[PDB]
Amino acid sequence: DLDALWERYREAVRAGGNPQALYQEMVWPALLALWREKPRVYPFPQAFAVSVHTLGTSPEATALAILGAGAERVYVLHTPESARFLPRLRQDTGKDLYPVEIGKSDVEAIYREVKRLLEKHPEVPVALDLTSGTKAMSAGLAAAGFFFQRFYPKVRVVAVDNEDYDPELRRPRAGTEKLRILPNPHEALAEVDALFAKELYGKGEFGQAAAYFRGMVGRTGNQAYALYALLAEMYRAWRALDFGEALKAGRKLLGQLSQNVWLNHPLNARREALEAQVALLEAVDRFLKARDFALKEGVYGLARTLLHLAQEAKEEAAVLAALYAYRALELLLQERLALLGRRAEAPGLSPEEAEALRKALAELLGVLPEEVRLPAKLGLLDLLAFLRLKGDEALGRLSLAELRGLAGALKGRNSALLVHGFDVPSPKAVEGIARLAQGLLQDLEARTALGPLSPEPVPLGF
């Protein structure tokens, strides 16, 4: 019917008939008629409120799309070059077209126009037709369409497909055009969203990367992102000093990674590190639960965690960095005190010891010994001077100048912004506290079943 008309149109062009105008006179009334009757919309017709169409110099295409989507309000992203075809378009579709002028390659302004129209019509179904117009114009429209259904699920990118295309006439064969709704590539490639999780993980926003991954197991039915979620949850908890949780998640990950099904999960190409880390968490959670400094591995893990936390907060959470480093030094020092028999909270000071400690503290804080009251618990500076006086070897290596600086720092624990007190801690002092804590940490590391490994996270492997 139309196929006969198309064959006779080809014959007509082969007779020297000018193909633009000949097509408009001969074929186009018939094809336009069929579409005004039964718009060919491939995955059945869909109910659209607004359609947005690029317009190029084949307005018949845009006509087909406008009828096919059947929208009420119709926008036409056209170029200065294709503006001249709006009137005929309007007369064909019998629709009032809101025109918008855009460059023929202004991908960017196309895309902004789509974001504008979408926000003008947020809750209603929208057909973004990219049929007519340059590839750049369609790139704008399609980038915006495929990106914005995350936020406007009712927005559908559409095109006028054909099932037969004439390469000499550079037209579809009349009657073989249909309007194909196009799927979003973020349906069957939801897995690619992992890179966002990979990025959220790569900045250390573990809590967020974990929520992202749990979404991934919910979005694309894969359970393998659940293992990533486990790892990220582990790091969030570990950074939070929630070693109980940190371990719960890490153990769950190592159990899953044990299974035959996850033998190939990329996290396995890091298992030696992962295992080490969860063991650290084990060591800490036991030590935290035991509170005895005999568990050198747990003390090491808590000290290394605290010092890691203070290091990464050294510039943008200075008061928090101080908190972390002060607690780390107290830990390492108290472990040193357990080594030499005693425990700082109720050390048994001999009177000779109390006088030795008072003399050291005096000639460290710059007072006469008779000004010195010994507190019942050894606080941080008392512990420092006392371990020094009991011959703790690593602490011996401290010449009285860096010791004086540490004493100055140490009086800022007794009062600070987050302690019962008021002063924001000097970053010089905090770095000195952390340098001494780091030295003790390495001493301790030389002494643990763990050996070395770091809080810093294992690669996702993807």
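So that there is no doubt, residue numbering starts at 1 and follows the sequence shown.
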property: Between the two ranges 49 to 57 and 400 to 408, the one averaging a larger CA B factor in the entry; result: 400 to 408
property: Stretch with the higher entry mean CA B-factor, where the candidates are 105 to 113 and 221 to 229; result: 221 to 229
property: Top Cα B factor in the deposited entry, candidates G202, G301, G391, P167; result: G391
property: Highest-ranked of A344, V76, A240, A127 once sorted by CA temperature factor in the record; result: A344
property: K359 by Cα B-factor - lowest, middle or highest third of the modelled chain; result: highest
property: Position of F206 among the chain's modelled residues by C-alpha B-factor, lowest, middle or highest third; result: lowest
property: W262 - Cα temperature factor, lowest/middle/highest third of chain; result: highest
property: Record-listed C-alpha B factor of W28: chain third; result: lowest
property: CA B-factor ranking of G133, expressed as a third of its chain; result: lowest
